[PDB]
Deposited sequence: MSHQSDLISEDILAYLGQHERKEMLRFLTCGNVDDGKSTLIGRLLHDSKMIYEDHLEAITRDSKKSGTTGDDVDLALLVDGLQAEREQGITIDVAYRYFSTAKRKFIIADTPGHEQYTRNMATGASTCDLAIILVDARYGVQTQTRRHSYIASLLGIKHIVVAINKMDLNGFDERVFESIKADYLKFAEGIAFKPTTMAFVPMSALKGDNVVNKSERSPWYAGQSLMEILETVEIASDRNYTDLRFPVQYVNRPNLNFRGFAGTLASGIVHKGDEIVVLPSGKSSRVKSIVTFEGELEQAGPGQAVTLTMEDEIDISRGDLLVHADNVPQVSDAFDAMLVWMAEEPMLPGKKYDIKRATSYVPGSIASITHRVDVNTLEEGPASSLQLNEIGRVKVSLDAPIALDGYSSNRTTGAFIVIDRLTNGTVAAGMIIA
């Protein structure tokens, strides 16, 4: 009460294989966040007790709100981890202290990095078993960093925590079992990591979602700010066509705002009767992204049915909906080994660089520049299913 009114929201992903200790870890987190008595036991039990499913877990502190995205670590559930990773701010890459970096460690890291997770914490678990051997910790940290170096995997924060999910060491409170550890505990990271990772305060992207026309004289353009800051009187342009207008008003239920930032559900009114439909992007006139009908992209294929170049699909970017096809597959990335390989097909759970072609041009951004306007889904025209997750390279 009182302090719980102004908190942030952090979504984080949990990555690891059978018996790494993630049911124990999650159970420990969900439990010790409530202790401001082994009930923990029943929590861990419940969590231990072919699907597209992602498990979403909820808990909070006084500092912030947490959503845990839980997904199994087996290759077969890559699409599942991809789905979960898409909204996450941070990933907990969980390793067993005796085994160190494995193929699943490499695979989960790639998926997290691919889906734009800017914060990873390597949770080196079961350190209680090796007697909190610093040598083991340093060994695992170094060869994970060596792996990270060979991906250009440069997230904004990378932390290595020696812990015991079972015993609680460095999970919530710092451990006396590791005097050689100067870093912060998990939870201390989870509460303090800056989530100004939505870097896009610099470039306005407003995907037009809904044309609100209540009466004949109010014409509003509703949606969510993907990036940048819009200000009353800003000179904007739509990116379908290139034509310009000035922002008359920023309209919300609370009233009229002078400015609005990323992640805000607003409605924009315009000074000129400019023609704006759902699917168009509204942008700053002095800062305009490329507009094209062809682009490179990473694809996470997630349908049982294979992907065939030339076959018509529907591309839903954000609010931009345009039919098209993949012209060619540049390569398919083997998720286990992280190397390029030629292909003429993409199977279930497969990832590759593709050449995309659309029937009409959209405004575009590299997914690494913009998490919204660089992200898209591939939709089958006959089955209506969401068959692939796409992220633009530019």
(request) Would you flag the ranges of the deposited sequence that the structure leaves without C-alpha positions? (result) 1-15, 52-69, 73-74, 85-89
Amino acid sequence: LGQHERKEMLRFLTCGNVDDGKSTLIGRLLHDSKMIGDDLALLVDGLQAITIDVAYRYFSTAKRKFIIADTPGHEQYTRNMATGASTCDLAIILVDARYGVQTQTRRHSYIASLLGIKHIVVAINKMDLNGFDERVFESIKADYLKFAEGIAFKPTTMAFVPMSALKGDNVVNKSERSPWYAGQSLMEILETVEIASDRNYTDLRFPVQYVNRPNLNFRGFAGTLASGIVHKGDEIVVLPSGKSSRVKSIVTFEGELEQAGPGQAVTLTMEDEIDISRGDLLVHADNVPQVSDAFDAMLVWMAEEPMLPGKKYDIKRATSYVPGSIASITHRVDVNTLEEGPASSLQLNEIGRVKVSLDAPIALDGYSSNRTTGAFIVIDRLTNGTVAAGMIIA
From here on, numbers count along this sequence of modelled residues.
(message) Quick check: 191-199 versus 82-90, which has the larger average CA B-factor in the record?
(response) 191-199
(request) With reference to the PDB entry, specify whether the mean Cα temperature factor is higher for 142-150 or for 245-253. (result) 142-150
(message) If I read the C-alpha B-factors straight from the PDB entry, which of 233, 220, 306, 279 is highest?
(response) 306
(message) Among the modelled residues of this chain, does the Cα B factor of residue 345 put it in the lowest, middle or highest third?
(response) highest
(request) Ordered by C-alpha B-factor within the chain, which third holds residue 102? Give me lowest, middle or highest, please. (result) middle
(message) Ranking the modelled residues of this chain by C-alpha B-factor as given in the entry, is residue 11 in the lowest, middle or highest third?
(response) highest
(message) Is residue 384 in the lowest, middle or highest third of its chain when residues are ranked by C-alpha B-factor?
(response) middle
(message) Splitting the chain's C-alpha B-factors into thirds, which one does residue 299 fall into?
(response) middle
